[PDB]
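Here the structure is laid out as structure tokens; the discussion comes afterwards.
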Amino acid sequence: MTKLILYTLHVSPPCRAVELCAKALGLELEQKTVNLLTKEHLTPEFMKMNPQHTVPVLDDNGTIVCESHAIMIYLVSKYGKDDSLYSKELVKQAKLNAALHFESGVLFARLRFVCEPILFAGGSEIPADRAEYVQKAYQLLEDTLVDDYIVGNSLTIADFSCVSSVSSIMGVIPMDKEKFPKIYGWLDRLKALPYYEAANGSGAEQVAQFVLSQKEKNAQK
Amino acid sequence: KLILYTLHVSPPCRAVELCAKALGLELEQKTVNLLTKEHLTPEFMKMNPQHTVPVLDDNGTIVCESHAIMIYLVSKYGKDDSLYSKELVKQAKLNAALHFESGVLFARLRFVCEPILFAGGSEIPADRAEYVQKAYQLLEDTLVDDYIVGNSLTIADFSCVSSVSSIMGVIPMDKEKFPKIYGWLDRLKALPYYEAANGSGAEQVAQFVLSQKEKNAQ
Ligand SMILES: N[C@@H](CCC(=O)N[C@@H](CS)C(=O)NCC(=O)O)C(=O)O
Ligand SMILES: N[C@@H](CCC(=O)N[C@@H](CS)C(=O)NCC(=O)O)C(=O)O
């Protein structure tokens, strides 16, 4: 059997969402690291796989699947032993899709608006409005957490997506525990997963440390 | 019937309008004026804690978020799956495109427009305009076929066109740099319901942003 290949970078939040999902599904990924600093994502071959030139990208026996949310849905749909991680039911699926688009359109987008300029454009200071954009995202997430998980009272791929970015950005933009108790309670649930630290926690800590290090290098230049 | 809590100038609302027209559905549109904070009432927070439009009410079934709404409508009301495939591989291509729209096209549109519309902004910072230019290039490269995914119309087209048609009225989209985007726009514009469901609101929102920008400068 052809083993699954993930074009990936462990410090990348969307890549870690897929790693979490693969662990939950009992899948083993062959990880191929893609160095963005040396433009490994901008080779002709990579751009052929993904014209938007982002990681993660999955190669499943020749079938190329781009984009973390799409990859997770694909993996649950194809390999899941049940639909617990991503419901096939019309209404619950719609709740999950809404949450996944909140992650791409709000959580990750705003994370990137803060981190990208530091990592790729010599940024040495985070503009106040962009930090506040993230604070606003924390509040939106806090209000989304009406139940134990992002959607309902059991773990789903919406949790993997949201935690991958929240765990990263909270190491750069302070997330006040007195303001957002539900986010921290939810993080605690996810941290109890045996695969959480290896699939996500480690890389979330690593990326925040890298962002802060680069920001300081840039400031001290 | 089908109720949409909506604002015609809003790109994600117009994506749903396009989708409903394609499905032959009639929406009862209930306007929510974001400018006067009608989205921040307790009742609206009840339907959607993230306080955004669009929200669909389908005989009491509440569905938030434009992409989720379109998938829901096609799944429940489509005569077939043309607009959103149930097949594993094509569905994944569609999902990737929909998340490109939310995470890149709409996010960057909002990063330009929101400060002007809601925060008294009178400027578009160079870096944010450039962020949109980069989005145009990403879209141009995504268009390897006649539509966003494949060679027939899907909800990924509705999502992407709703935001592209809006932001191009604020951040110039050079036809010499982006010929494929223009070719694709023409395919969407040829739909008999395009102007009513999307084109009009796209023009209105661009005018709104430019007008407010100048008012704020005074
Ligand atoms: N919506 C995408 C976002 C992917 C993304 O932006 N990945 C970043 C790494 S965190 C990347 O590859 N950037 C390279 C580039 O944008 O050129 C997903 O969830 O897969
Ligand atoms: N991903 C959401 C985005 C919705 C969204 O941001 N809508 C804007 C109008 S264009 C809004 O309701 N803003 C009000 C707010 O953020 O409080 C979707 O596609 O439905």
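Residue numbers start from 1 in every chain, and the chains themselves are labelled A, B, ... in the order their sequence lines are given, proteins ahead of strands. Any value given below was found using the heavy atoms of this structure, including those in side chains, with hydrogens, waters and symmetry copies removed.
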Contact part of A:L100 toward chain B, heavy-atom cut-off under 4.5 Å: side chain, backbone, both or neither? both
Contact class of A:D129 relative to chain B, heavy atoms under 4.5 angstrom: side chain
CD of B:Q137 to NE2 of A:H53: how many Å apart, nearest 0.5 Å? 8.0 Å
Residue that, paired with B:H99, satisfies side chain to side chain donor-acceptor pair (under 3.5 Å) out of A:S161, A:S104, A:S68: A:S104
Is it the case that atom [atom1] in [X] sees more than 12 heavy atoms from other parts of the structure closer than 6.0 Å?
X      : atom1 : answer
A:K23  : NZ    : no
B:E123 : CD    : no
A:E45  : CD    : no
B:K86  : NZ    : yes

With only heavy atoms counted, which part of [X] is less than 4.5 Å from chain A, the side chain, the backbone, both or neither?
X      : value
B:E114 : side chain
B:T142 : both
B:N48  : neither
B:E101 : neither
B:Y72  : both
B:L139 : neither

Which pair of heavy atoms, one from A:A98 and one from B:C64, lies closest together, and at what distance? CB-O, 3.6 Å
If you look at every heavy atom in A:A94 and B:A68, which pair is closest and at what distance? O-CB, 3.4 Å
Quick one: which of B:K93, B:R110, B:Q91 has the most heavy-atom pairs under 4.5 Å with chain A, could you say? B:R110
Largest heavy-atom contact set with chain A, pairs under 4.5 Å, which of B:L88, B:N95, B:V63: B:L88
Step by step, work out the side chain to side chain contact (heavy atoms under 4.5 Å, CB included) result for B:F100 and A:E67. CA-CA 8 Å; B:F100 171 73; A:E67 209 282 331; over 6 Å; no
Most contacts with chain B, counted as non-hydrogen pairs under 4.5 angstrom, among A:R130, A:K78, A:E142, A:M47: A:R130
Show every salt bridge (charged side-chain N to carboxylate O under 4.0 Å, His left out) that has at least one partner inside residues 1-16 of chain A, sequence neighbours left out. A:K3-A:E28, A:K3-A:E30
Salt bridge flag under 4.0 Å for residues B:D141 and A:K48: no
